[PDB]
Amino acid sequence: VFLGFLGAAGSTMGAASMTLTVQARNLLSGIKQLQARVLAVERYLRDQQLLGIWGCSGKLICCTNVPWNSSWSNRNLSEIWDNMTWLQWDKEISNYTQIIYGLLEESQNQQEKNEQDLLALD
Amino acid sequence: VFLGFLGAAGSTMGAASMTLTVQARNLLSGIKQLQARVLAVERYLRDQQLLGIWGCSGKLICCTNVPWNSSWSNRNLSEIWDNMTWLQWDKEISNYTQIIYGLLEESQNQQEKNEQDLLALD
Amino acid sequence: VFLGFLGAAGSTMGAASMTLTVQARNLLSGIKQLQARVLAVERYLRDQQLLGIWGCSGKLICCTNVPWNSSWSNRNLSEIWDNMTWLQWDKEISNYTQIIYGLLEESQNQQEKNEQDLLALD
Amino acid sequence: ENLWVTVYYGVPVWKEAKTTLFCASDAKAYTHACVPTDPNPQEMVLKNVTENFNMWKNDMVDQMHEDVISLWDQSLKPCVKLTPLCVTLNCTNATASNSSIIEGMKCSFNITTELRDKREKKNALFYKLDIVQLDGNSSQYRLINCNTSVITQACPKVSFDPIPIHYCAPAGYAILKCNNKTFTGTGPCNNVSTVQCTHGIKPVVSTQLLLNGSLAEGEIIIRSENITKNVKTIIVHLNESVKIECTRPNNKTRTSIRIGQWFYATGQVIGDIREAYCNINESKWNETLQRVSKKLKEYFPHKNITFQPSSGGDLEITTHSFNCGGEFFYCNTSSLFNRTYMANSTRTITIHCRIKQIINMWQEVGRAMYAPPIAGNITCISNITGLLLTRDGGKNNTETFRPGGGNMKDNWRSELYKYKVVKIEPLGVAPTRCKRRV
Amino acid sequence: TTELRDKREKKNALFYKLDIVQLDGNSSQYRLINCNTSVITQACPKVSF
Amino acid sequence: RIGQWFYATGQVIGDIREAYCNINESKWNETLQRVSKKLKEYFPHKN
Amino acid sequence: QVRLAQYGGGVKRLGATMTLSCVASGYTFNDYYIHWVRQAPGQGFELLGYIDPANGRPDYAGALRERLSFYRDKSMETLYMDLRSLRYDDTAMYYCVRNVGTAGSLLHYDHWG
Ligand SMILES: *[C@@H]1O[C@H](CO)[C@@H](O[C@@H]2O[C@H](CO)[C@@H](O[C@@H]3O[C@H](CO)[C@@H](O)[C@H](O[C@H]4O[C@H](CO)[C@@H](O)[C@H](O)[C@@H]4O)[C@@H]3O)[C@H](O)[C@H]2NC(C)=O)[C@H](O)[C@H]1NC(C)=O
Ligand SMILES: *[C@@H]1O[C@H](CO)[C@@H](O[C@@H]2O[C@H](CO)[C@@H](O[C@@H]3O[C@H](CO)[C@@H](O)[C@H](O)[C@@H]3O)[C@H](O)[C@H]2NC(C)=O)[C@H](O)[C@H]1NC(C)=O
Ligand SMILES: *[C@@H]1O[C@H](CO)[C@@H](O[C@@H]2O[C@H](CO)[C@@H](O[C@@H]3O[C@H](CO)[C@@H](O)[C@H](O)[C@@H]3O)[C@H](O)[C@H]2NC(C)=O)[C@H](O)[C@H]1NC(C)=O
Ligand SMILES: *[C@@H]1O[C@H](CO)[C@@H](O[C@@H]2O[C@H](CO)[C@@H](O)[C@H](O)[C@H]2NC(C)=O)[C@H](O)[C@H]1NC(C)=O
Ligand SMILES: *[C@@H]1O[C@H](CO)[C@@H](O)[C@H](O)[C@H]1NC(C)=O
Ligand SMILES: *[C@@H]1O[C@H](CO)[C@@H](O)[C@H](O)[C@H]1NC(C)=O
């Protein structure tokens with residue numbers, strides 16, 4: 001399965017988001033060349049477990065807590081959202097993704113503990 | 001864990017569906033022989049991600065959209081459900097599995113985008 | 001990401017269960033040394049699929065069926081829950097984890113089949 | 001305000017990085033013979049993708065080079081070693097009438113052969129470029145490399161040819177292919193396209209010019225590094241392919257000696273003797289040189305352009321080098337690079353050419369190969385595609401370009417300029433005005 | 001025999017007697033200590049591990 | 001040369017000494033005393 | 001660590017031909033271009049030419065292309081220079097120098113002889 005593997009680039013962000021399954025599928029297929037399989041598996045599993053830790057494994061799009069800040073990319077992205085490719089937005093936000101991830105993970109822990117406490121009244 | 005690994009065959013699909021955990025569990029255990037581990041991991045991960053792309057990661061049996069019509073298996077099988085023992089049904093429907101998968105994937109995308117659009121009003 | 005990796009040991013069940021994400025993240029990084037990657041992947045995948053078979057993949061904590069018995073650890077632990085570290089608890093319960101797992105798996109099958117039968121009326 | 005964090009998977013965003021690439025072999029052939037599987041690579045043109053390229057910087061050229069070395073090593077590994085053949089040679093070389101060209105002629109020596117108590121006289125022919133003279137009587141000779149490296153005879157049954165190779169990235173990595181028709185080796189490409197695999201690149205092995213490759217889309221293209229004018233090599237890539245033909249008209253006789261590994265040598269030559277040579281479409285050649293001069297004086301504003309043959313260096317660079325099958329050639333290329341300039345098959349050129357058996361391995365010396373003779377007369381035909389030029393600095397008021405390109409990596413440098421490899425970054429975030437429900 | 005297999009040539013060098021074992025008869029006859037029992041590899045000087 | 005370059009010892013330069021080592025006397029002389037004091041902890045009442 | 005020893009030189013008679021040499025210590029013989037630069041007394045340095053050790057390609061300054069000659073012996077990791085018909089003004093000191101080369105360009109000198 002191989003078609004338009006990155007053709008979503010260039011277009012608006014949602015229209016690019018229409019094709020996410022096309023990229024998601026790709027974990028496919030000298031004796032020294034065996035390690036490529038392991039590398040691909042490593043990348044896929046690491047991304048998948050990170051989405052699990054954020055409680056977002058079961059979807060391609062989802063929402064979390066910890067709202068946006070005037071810090072990070074101080075942008076009115078929603079109007080530019082119909083102009084610019086992920087390359088520019090990813091470049092912009094790469095300075096702060098590492099900050100954001102810990103907040104998402106701790107938000108998942110808060111959600112799980114609150115839900116467990118609510119269940120404890122069962 | 002090893003018991004009745006394929007013994008569910010012969011019986012009806014309904015009774016055979018009782019034992020699906022027994023098959024589902026098995027991803028177990030010269031230097032040239034290392035690649036078998038990688039092959040097993042590749043198989044398991046590819047099947048698991050396909051069920052994820054269909055929104056069916058979290059269940060052994062789940063439910064989805066779009067029907068069988070006169071096209072594909074032009075058949076009535078519910079009475080034959082208690083006569084079929086899978087393998088011949090698999091032979092029958094192998095002609096159209098590849099067609100069905102794309103519809104399943106796009107149906108998952110439609111569900112996700114509809115739910116996101118409903119979420120957008122939050 | 002590496003900080004207080006096993007430091008939650010020694011403490012209560014509750015507080016020590018706060019750091020479980022810190023441990024969950026860990027699947028990271030002569031020519032003969034390649035097999036460590038495969039070993040780590042095997043461990044992670046086997047644990048993850050077992051949680052899937054118990055219908056508890058999507059959470060770090062969750063509840064199930066099949067209540068506790070005077071058999072297995074014939075113990076009162078809610079008062080010892082606070083002051084006992086996991087090492088002793090695992091040592092105590094290892095005698096019966098193997099028995100408990102089958103009950104958990106069959107409980108998941110019962111739940112999913114009941115849900116499917118309810119779905120069959122759709 | 002109230003823009004809650006959201007996450008997206010399957011994102012189209014990537015980054016540059018190195019990685020280990022798959023090779024891929026033809027369905028039919030003589031690790032490599034049967035595998036990897038022959039692909040069917042597709043390709044899309046991407047709408048607005050803008051990516052930069054750098055054909056000097058990219059990693060995969062080095063991987064091509066290493067893979068070529070490794071494959072040659074694996075192929076040569078089971079072949080016989082010619083160490084016992086290192087004995088003193090006592091040869092006078094005056095038997096056949098056309099003696100002077102070869103001057104190794106039944107060339108005598110001793111070998112142990114069948115029984116280790118026995119020692120037996122033999123003889124065979126050699127081209128004198130494979131021989132060095134010992135002191136004293138000139139009859140005393142030695143093999144050229146035997147005082148410095150161990151020589152392996154090529155496995156005749158495993159004759160290797162420039163089979164095309166397709167390179168495929170692994171999952172998570174995509175190969176970016178610039179479709180721009182006038183790309184100079186550096187700068188942005190606005191016509192980006194992507195593929196599963198590259199087209200079938202051949203492992204051509206030649207010097208001063210390349211014989212089998214692709215062709216440019218526009219006119220003849222100039223590619224060179226632009227850090228400083230003091231460049232090592234300048235690549236000129238032809239659009240108009242030009243045929244070259246070569247011959248080895250004399251008939252060879254194969255003879256065998258057993259060590260029970262069967263060593264092969266050159267037996268008595270049959271038929272009247274000619275010097276091996278080549279041919280070129282005369283008008284086409286220095287029509288192409290005129291085009292190249294016109295292109296080349298674009299970069300250099302107001303100075304003359306002139307060509308001369310290379311000076312100094314080994315036979316691999318003083319002459320154009322290539323191989324018709326299992327024989328190697330060194331063609332005295334004076335006539336082709338003697339034009340000068342200032343601010344269609346008639347009159348066929350011919351050029352003399354020599355052949356030698358013992359080849360120091362192309363990429364690096366210290367390991368030696370011996371090619372057994374090919375029986376009968378031989379011709380091969382190729383159609384060249386580019387030139388490897390280098391500029392002589394220092395001389396004020398007059399540029400000068402001469403055929404170089406002995407470093408084997410440059411051949412693949414001039415062909416893998418198309419592609420780049422990028423790591424995919426499927427995970428990304430964005431702000432949005434919706435949060436989780438409890 | 002250095003490079004030409006028909007040319008055996010005399011050389012000489014120094015050795016510590018702990019690397020040497022005496023043969024029978026004349027004491028002038030010696031042997032390398034381990035050569036009757038194993039194959040000796042000179043250390044790669046450029047490695048210098 | 002065998003073209004493998006074998007290396008041997010050529011003629012020694014300068015007047016000859018036997019290779020030797022050095023140790024600060026009192027340091028070792030006291031270190032052995034400390035080690036003896038530690039060692040007779042394990043072993044009760046023997047020299 | 002890297003060393004570039006030199007030999008030859010001394011007095012040379014007028015009109016004679018002379019030969020210098022440099023022995024490359026072990027770094028890697030084939031990766032670095034080598035240049036021959038000199039210094040007349042009371043004058044600034046100037047370049048004569050450069051020789052690629054791998055393939056042996058020379059290249060000379062325009063004012064001495066008739067008189068110079070470079071070549072190497074890769075097995076010994078050794079280089080040679082021949083200058084023919086010494087004149088009076090060539091009384092000077094002659095240096096080998098390693099060059100740091102990129103994949104497609106030559107940049108500068110780091111270690112002198
Ligand atoms: C294996 O054998 C080959 C030859 O079969 C051998 O290569 C030869 O090495 C010598 C030196 O090692 C080269 O000799 C040089 O020749 C040039 C002219 O051709 C001279 O200008 C040089 O003169 C300098 O060196 C002399 C001492 O040799 C000085 O006396 C003189 O004043 C100069 O300083 C020099 O003589 C010879 O050219 C090559 N042969 C070839 C064909 O290249 C190789 O070295 C041997 N292997 C090993 C490991 O030694
Ligand atoms: C690229 O260059 C190669 C040679 O460098 C060209 O391939 C060679 O083409 C000739 C015919 O033009 C082949 O000759 C035939 O080979 C067979 C097989 O051994 C032999 O039985 C015949 O009698 C005849 O000699 C030759 O095999 C082939 N390969 C080699 C290694 O020489 C090729 O033509 C060039 N590319 C293009 C597009 O022409
Ligand atoms: C490639 O072909 C050219 C011919 O076009 C070769 O050039 C010739 O090389 C010989 C070498 O001996 C030159 O001879 C010279 O003779 C003078 C006396 O007149 C002598 O002083 C020199 O030392 C030299 O021996 C000849 O002049 C020269 N011809 C031309 C037109 O330049 C060239 O050598 C060939 N190169 C290779 C690598 O085969
Ligand atoms: C292709 O090459 C030939 C050979 O050089 C050209 O004809 C000669 O060119 C030289 C100068 O390069 C003149 O001195 C000769 O008088 C020319 N004629 C002969 C018979 O040698 C020829 O002109 C070139 N073709 C084109 C189209 O430029
Ligand atoms: C180039 O042509 C000129 C014409 O006079 C000739 O003198 C010279 O020798 C030629 N050089 C080569 C290398 O053929
Ligand atoms: C130090 O060593 C000497 C050795 O001559 C010994 O006599 C002396 O007792 C040692 N020191 C002490 C404090 O005993």
# chains A, B, ... in the order shown; residues from 1 in each chain; ligands from 1
>>> residues_near_ligand(ligand="ligand 4", cutoff="7 Å", atoms="only C-alpha atoms and all ligand atoms", output="number ranges by chain")
D: 282-283, 286-287, 339
>>> write_last_selection(atoms="C-alpha atoms", output="PDB file, in the first residue's frame")
ATOM      1  CA  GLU D 282      34.445  12.872 -34.957  1.00  0.00           C
ATOM      2  CA  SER D 283      32.025  15.712 -35.701  1.00  0.00           C
ATOM      3  CA  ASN D 286      34.009  18.458 -30.807  1.00  0.00           C
ATOM      4  CA  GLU D 287      30.509  19.653 -31.446  1.00  0.00           C
ATOM      5  CA  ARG D 339      41.022  22.087 -28.409  1.00  0.00           C
TER       6      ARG D 339
END
>>> residues_near_ligand(ligand="ligand 2", cutoff="6 Å", atoms="only C-alpha atoms and all ligand atoms", output="PDB file with N, CA and C atoms, in the first residue's frame")
ATOM      1  N   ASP D 161      29.093  -7.686 -13.855  1.00  0.00           N
ATOM      2  CA  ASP D 161      28.782  -6.707 -14.883  1.00  0.00           C
ATOM      3  C   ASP D 161      27.980  -5.583 -14.250  1.00  0.00           C
ATOM      4  N   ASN D 212      27.865   4.770 -19.105  1.00  0.00           N
ATOM      5  CA  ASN D 212      26.614   4.022 -19.136  1.00  0.00           C
ATOM      6  C   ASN D 212      25.441   4.753 -18.497  1.00  0.00           C
ATOM      7  N   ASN D 323      36.389  -1.190 -19.002  1.00  0.00           N
ATOM      8  CA  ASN D 323      36.539  -2.627 -19.185  1.00  0.00           C
ATOM      9  C   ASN D 323      35.472  -3.167 -20.125  1.00  0.00           C
ATOM     10  N   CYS D 324      35.908  -3.888 -21.159  1.00  0.00           N
ATOM     11  CA  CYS D 324      35.011  -4.678 -22.000  1.00  0.00           C
ATOM     12  C   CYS D 324      34.931  -6.063 -21.373  1.00  0.00           C
ATOM     13  N   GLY D 325      33.877  -6.311 -20.604  1.00  0.00           N
ATOM     14  CA  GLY D 325      33.744  -7.605 -19.956  1.00  0.00           C
ATOM     15  C   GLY D 325      34.898  -7.869 -19.007  1.00  0.00           C
ATOM     16  N   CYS D 380      33.501  -4.029 -27.259  1.00  0.00           N
ATOM     17  CA  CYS D 380      32.356  -3.569 -26.490  1.00  0.00           C
ATOM     18  C   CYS D 380      32.022  -2.160 -26.950  1.00  0.00           C
ATOM     19  N   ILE D 381      30.757  -1.790 -26.776  1.00  0.00           N
ATOM     20  CA  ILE D 381      30.245  -0.494 -27.197  1.00  0.00           C
ATOM     21  C   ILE D 381      29.527   0.138 -26.017  1.00  0.00           C
ATOM     22  N   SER D 382      29.744   1.436 -25.833  1.00  0.00           N
ATOM     23  CA  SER D 382      29.058   2.198 -24.805  1.00  0.00           C
ATOM     24  C   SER D 382      28.777   3.583 -25.360  1.00  0.00           C
ATOM     25  N   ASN D 383      27.943   4.325 -24.639  1.00  0.00           N
ATOM     26  CA  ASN D 383      27.574   5.687 -25.005  1.00  0.00           C
ATOM     27  C   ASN D 383      27.756   6.577 -23.782  1.00  0.00           C
TER      28      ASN D 383
END
>>> residues_around(residues="residue D:259", least_positions_apart="4", cutoff="8 Å", atoms="only C-alpha atoms", output="list in words")
residues 111, 112, 113, 114 and 263 of chain D
>>> write_last_selection(atoms="N, CA and C atoms", output="short mmCIF file (atom, residue, chain, number, x, y, z; two decimals), in the first residue's frame")
data_model
loop_
_atom_site.label_atom_id
_atom_site.label_comp_id
_atom_site.auth_asym_id
_atom_site.auth_seq_id
_atom_site.Cartn_x
_atom_site.Cartn_y
_atom_site.Cartn_z
N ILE D 111 56.86 -23.92 -10.46
CA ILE D 111 55.66 -24.08 -9.65
C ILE D 111 55.67 -25.48 -9.03
N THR D 112 54.98 -25.62 -7.90
CA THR D 112 54.99 -26.88 -7.17
C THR D 112 53.98 -27.88 -7.73
N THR D 113 52.81 -27.39 -8.16
CA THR D 113 51.75 -28.13 -8.87
C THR D 113 51.40 -29.43 -8.13
N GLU D 114 51.32 -30.58 -8.82
CA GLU D 114 50.55 -31.72 -8.31
C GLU D 114 51.12 -32.26 -7.00
N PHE D 263 44.70 -22.14 -11.91
CA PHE D 263 45.18 -20.84 -12.34
C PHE D 263 45.17 -20.74 -13.86
#
>>> select_by_dssp(residues="chain E", states="strand (DSSP E or B)", output="compact mmCIF listing (two decimals) with N, CA, C and O atoms, in the first residue's frame")
# COMPACT_ATOMS: atom_id res chain seq x y z
N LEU E 14 67.96 -9.61 18.11
CA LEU E 14 68.12 -9.90 19.52
C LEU E 14 66.86 -10.52 20.11
O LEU E 14 65.74 -10.25 19.67
N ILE E 20 63.31 -17.97 24.62
CA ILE E 20 64.18 -18.90 23.92
C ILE E 20 64.22 -20.19 24.73
O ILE E 20 64.16 -20.18 25.96
N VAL E 21 64.32 -21.32 24.02
CA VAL E 21 64.50 -22.63 24.63
C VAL E 21 65.64 -23.34 23.92
O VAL E 21 65.77 -23.26 22.70
N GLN E 22 66.46 -24.03 24.70
CA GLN E 22 67.65 -24.69 24.18
C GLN E 22 67.30 -26.04 23.58
O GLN E 22 66.54 -26.82 24.17
N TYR E 30 68.82 -23.22 19.24
CA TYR E 30 67.65 -22.83 20.02
C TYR E 30 66.41 -22.87 19.15
O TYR E 30 66.46 -23.12 17.94
N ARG E 31 65.28 -22.60 19.80
CA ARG E 31 63.97 -22.58 19.18
C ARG E 31 63.14 -21.51 19.87
O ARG E 31 63.41 -21.15 21.02
N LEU E 32 62.14 -20.98 19.16
CA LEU E 32 61.17 -20.13 19.82
C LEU E 32 60.40 -20.95 20.86
O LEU E 32 60.14 -22.14 20.67
>>> interface_residues(of="chain F", to="chain G", cutoff="12 Å", atoms="only C-alpha atoms", output="ChimeraX atom specification")
/F:3-5
>>> residues_near_ligand(ligand="ligand 1", cutoff="10 Å", atoms="only C-alpha atoms and all ligand atoms", output="compact mmCIF listing (two decimals) with N, CA and C atoms, in the first residue's frame")
# COMPACT_ATOMS: atom_id res chain seq x y z
N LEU D 129 53.32 -4.26 -18.51
CA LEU D 129 52.83 -3.40 -17.44
C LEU D 129 52.51 -4.18 -16.17
N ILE D 131 54.61 -6.32 -14.94
CA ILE D 131 55.93 -6.85 -14.62
C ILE D 131 56.86 -5.71 -14.25
N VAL D 132 57.81 -5.99 -13.36
CA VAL D 132 58.87 -5.07 -13.00
C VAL D 132 60.20 -5.80 -13.16
N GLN D 133 61.25 -5.02 -13.42
CA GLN D 133 62.57 -5.57 -13.70
C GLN D 133 63.39 -5.65 -12.43
N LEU D 134 63.95 -6.83 -12.16
CA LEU D 134 64.90 -6.99 -11.08
C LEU D 134 66.29 -6.54 -11.52
N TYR D 141 62.76 -10.97 -13.63
CA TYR D 141 61.59 -10.12 -13.38
C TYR D 141 60.83 -10.63 -12.16
N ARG D 142 59.80 -9.87 -11.80
CA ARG D 142 58.94 -10.16 -10.67
C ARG D 142 57.54 -9.64 -10.99
N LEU D 143 56.53 -10.25 -10.37
CA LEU D 143 55.19 -9.70 -10.46
C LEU D 143 55.15 -8.34 -9.76
N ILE D 144 54.32 -7.44 -10.30
CA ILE D 144 54.42 -6.03 -9.93
C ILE D 144 54.06 -5.82 -8.46
N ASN D 145 52.95 -6.40 -8.01
CA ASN D 145 52.44 -6.15 -6.67
C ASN D 145 52.88 -7.20 -5.65
N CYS D 146 53.59 -8.24 -6.07
CA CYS D 146 53.83 -9.36 -5.17
C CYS D 146 54.77 -9.00 -4.02
N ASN D 147 55.59 -7.97 -4.16
CA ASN D 147 56.40 -7.51 -3.04
C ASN D 147 55.61 -6.63 -2.08
N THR D 148 54.35 -6.33 -2.37
CA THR D 148 53.56 -5.43 -1.53
C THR D 148 52.16 -5.89 -1.14
N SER D 149 51.56 -6.84 -1.86
CA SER D 149 50.22 -7.30 -1.53
C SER D 149 50.03 -8.69 -2.13
N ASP D 314 49.04 7.95 -12.05
CA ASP D 314 49.10 6.56 -12.48
C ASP D 314 48.43 6.40 -13.84
N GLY D 366 46.86 -1.59 -2.15
CA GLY D 366 47.20 -2.50 -1.08
C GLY D 366 46.59 -3.88 -1.23
N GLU E 3 60.92 -12.27 0.05
CA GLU E 3 59.93 -11.97 -0.99
C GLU E 3 60.00 -12.92 -2.17
N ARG F 1 60.81 -8.11 6.50
CA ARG F 1 59.61 -8.34 5.71
C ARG F 1 59.47 -9.82 5.38
N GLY F 3 54.67 -9.29 1.94
CA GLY F 3 54.88 -7.96 2.49
C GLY F 3 54.21 -7.68 3.81
N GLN F 4 54.46 -8.53 4.81
CA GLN F 4 54.15 -8.23 6.20
C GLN F 4 55.44 -7.86 6.91
N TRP F 5 55.43 -6.73 7.61
CA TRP F 5 56.64 -6.19 8.23
C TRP F 5 56.76 -6.73 9.64
N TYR G 7 63.76 15.29 4.59
CA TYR G 7 65.18 14.97 4.43
C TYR G 7 65.69 15.75 3.22
N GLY G 8 66.88 15.40 2.76
CA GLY G 8 67.46 16.06 1.61
C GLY G 8 67.75 17.53 1.89
N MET G 18 67.93 18.71 -7.93
CA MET G 18 67.90 18.35 -6.53
C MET G 18 66.57 17.68 -6.20
N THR G 19 66.58 16.88 -5.13
CA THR G 19 65.44 16.07 -4.73
C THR G 19 65.22 16.17 -3.24
N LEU G 20 64.02 16.62 -2.85
CA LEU G 20 63.56 16.59 -1.47
C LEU G 20 62.63 15.41 -1.27
N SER G 21 62.17 15.25 -0.04
CA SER G 21 61.24 14.18 0.27
C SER G 21 60.60 14.47 1.61
N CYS G 22 59.41 13.92 1.79
CA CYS G 22 58.69 13.98 3.05
C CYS G 22 58.10 12.61 3.34
N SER G 69 58.45 18.78 -10.69
CA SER G 69 57.90 17.45 -10.87
C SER G 69 57.62 16.81 -9.52
N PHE G 70 56.40 16.31 -9.31
CA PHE G 70 56.02 15.61 -8.09
C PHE G 70 55.60 14.19 -8.42
N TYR G 71 55.84 13.29 -7.48
CA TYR G 71 55.37 11.92 -7.58
C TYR G 71 55.61 11.23 -6.24
N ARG G 72 54.95 10.09 -6.06
CA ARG G 72 54.86 9.45 -4.76
C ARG G 72 55.03 7.95 -4.90
N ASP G 73 55.21 7.29 -3.76
CA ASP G 73 55.28 5.84 -3.64
C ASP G 73 54.34 5.50 -2.49
N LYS G 74 53.12 5.06 -2.82
CA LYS G 74 52.08 4.93 -1.81
C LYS G 74 52.43 3.89 -0.76
N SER G 75 53.16 2.85 -1.13
CA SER G 75 53.46 1.78 -0.18
C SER G 75 54.30 2.30 0.98
N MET G 76 55.28 3.14 0.69
CA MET G 76 56.16 3.69 1.71
C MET G 76 55.58 4.91 2.41
N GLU G 77 54.42 5.39 1.99
CA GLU G 77 53.85 6.63 2.50
C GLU G 77 54.85 7.77 2.38
N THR G 78 55.48 7.85 1.21
CA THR G 78 56.59 8.76 0.96
C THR G 78 56.27 9.60 -0.27
N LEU G 79 56.76 10.84 -0.25
CA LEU G 79 56.58 11.79 -1.34
C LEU G 79 57.95 12.28 -1.80
N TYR G 80 58.00 12.75 -3.04
CA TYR G 80 59.23 13.28 -3.61
C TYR G 80 58.91 14.54 -4.40
N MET G 81 59.92 15.39 -4.54
CA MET G 81 59.84 16.58 -5.39
C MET G 81 61.16 16.71 -6.12
N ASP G 82 61.09 16.96 -7.42
CA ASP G 82 62.27 17.20 -8.24
C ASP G 82 62.16 18.58 -8.85
>>> residues_near_ligand(ligand="ligand 6", cutoff="12 Å", atoms="only C-alpha atoms and all ligand atoms", output="list in words")
residues 24, 25, 26, 27, 28, 29, 30, 31, 32, 33 and 34 of chain F
>>> write_last_selection(atoms="N, CA and C atoms", output="tab-separated table (two decimals), in the first residue's frame")
chain	number	residue	atom	x	y	z
F	24	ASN	N	57.88	4.06	47.72
F	24	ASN	CA	58.12	4.82	48.94
F	24	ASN	C	58.09	3.87	50.13
F	25	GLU	N	59.21	3.80	50.85
F	25	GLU	CA	59.40	2.75	51.85
F	25	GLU	C	58.35	2.85	52.95
F	26	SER	N	58.27	4.00	53.61
F	26	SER	CA	57.40	4.13	54.78
F	26	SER	C	55.94	3.91	54.41
F	27	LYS	N	55.54	4.31	53.20
F	27	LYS	CA	54.15	4.13	52.79
F	27	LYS	C	53.76	2.66	52.78
F	28	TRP	N	54.55	1.83	52.10
F	28	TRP	CA	54.30	0.39	52.09
F	28	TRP	C	54.48	-0.20	53.48
F	29	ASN	N	55.48	0.29	54.21
F	29	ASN	CA	55.85	-0.27	55.50
F	29	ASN	C	54.72	-0.08	56.51
F	30	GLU	N	53.94	0.99	56.35
F	30	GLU	CA	52.75	1.24	57.16
F	30	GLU	C	51.49	0.62	56.57
F	31	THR	N	51.40	0.53	55.24
F	31	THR	CA	50.24	-0.09	54.62
F	31	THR	C	50.15	-1.56	55.00
F	32	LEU	N	51.28	-2.25	55.04
F	32	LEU	CA	51.27	-3.64	55.48
F	32	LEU	C	50.82	-3.74	56.93
F	33	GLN	N	51.20	-2.77	57.77
F	33	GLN	CA	50.75	-2.78	59.15
F	33	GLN	C	49.24	-2.63	59.24
F	34	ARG	N	48.68	-1.70	58.47
F	34	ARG	CA	47.22	-1.55	58.45
F	34	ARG	C	46.54	-2.82	57.95
>>> residues_near_ligand(ligand="ligand 5", cutoff="6 Å", atoms="only C-alpha atoms and all ligand atoms", output="NGL selection string")
:D and (308-309 or 334-335 or 338)
>>> write_last_selection(atoms="N, CA, C and O atoms", output="short mmCIF file (atom, residue, chain, number, x, y, z; two decimals), in the first residue's frame")
data_model
loop_
_atom_site.label_atom_id
_atom_site.label_comp_id
_atom_site.auth_asym_id
_atom_site.auth_seq_id
_atom_site.Cartn_x
_atom_site.Cartn_y
_atom_site.Cartn_z
N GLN D 308 43.80 20.21 -22.25
CA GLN D 308 45.01 19.45 -22.47
C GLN D 308 44.86 18.10 -21.79
O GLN D 308 44.08 17.97 -20.84
N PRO D 309 45.59 17.09 -22.24
CA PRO D 309 45.53 15.80 -21.54
C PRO D 309 46.14 15.91 -20.16
O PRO D 309 46.92 16.81 -19.86
N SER D 334 45.11 11.69 -25.72
CA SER D 334 45.68 12.99 -26.04
C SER D 334 44.81 13.76 -27.03
O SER D 334 44.53 14.95 -26.84
N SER D 335 44.36 13.09 -28.09
CA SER D 335 43.72 13.80 -29.20
C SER D 335 42.39 14.42 -28.79
O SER D 335 41.99 15.45 -29.34
N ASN D 338 42.41 18.46 -26.76
CA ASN D 338 43.44 19.39 -27.23
C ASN D 338 42.88 20.63 -27.91
O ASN D 338 43.64 21.38 -28.53
#
>>> residues_near_ligand(ligand="ligand 3", cutoff="9 Å", atoms="only C-alpha atoms and all ligand atoms", output="VMD selection string")
chain D and resid 309 to 315 317 to 319 330 to 335 351 to 354
>>> write_last_selection(atoms="C-alpha atoms", output="mmCIF file, in the first residue's frame")
data_model
loop_
_atom_site.group_PDB
_atom_site.id
_atom_site.type_symbol
_atom_site.label_atom_id
_atom_site.label_comp_id
_atom_site.auth_asym_id
_atom_site.auth_seq_id
_atom_site.Cartn_x
_atom_site.Cartn_y
_atom_site.Cartn_z
ATOM 1 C CA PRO D 309 45.533 15.799 -21.544
ATOM 2 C CA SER D 310 46.251 14.985 -17.933
ATOM 3 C CA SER D 311 49.825 15.126 -16.648
ATOM 4 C CA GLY D 312 51.453 12.851 -14.096
ATOM 5 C CA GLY D 313 49.657 10.259 -12.002
ATOM 6 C CA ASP D 314 49.101 6.561 -12.481
ATOM 7 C CA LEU D 315 47.788 4.887 -15.622
ATOM 8 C CA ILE D 317 44.207 8.853 -14.511
ATOM 9 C CA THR D 318 46.647 9.551 -17.341
ATOM 10 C CA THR D 319 44.321 7.561 -19.629
ATOM 11 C CA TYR D 330 43.751 2.300 -20.771
ATOM 12 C CA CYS D 331 43.307 4.557 -23.812
ATOM 13 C CA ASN D 332 45.862 7.279 -24.587
ATOM 14 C CA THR D 333 43.450 10.204 -24.703
ATOM 15 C CA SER D 334 45.679 12.995 -26.044
ATOM 16 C CA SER D 335 43.716 13.800 -29.195
ATOM 17 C CA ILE D 351 42.797 6.414 -30.451
ATOM 18 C CA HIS D 352 45.380 3.890 -29.299
ATOM 19 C CA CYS D 353 44.743 1.855 -26.176
ATOM 20 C CA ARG D 354 46.552 -0.608 -23.913
#
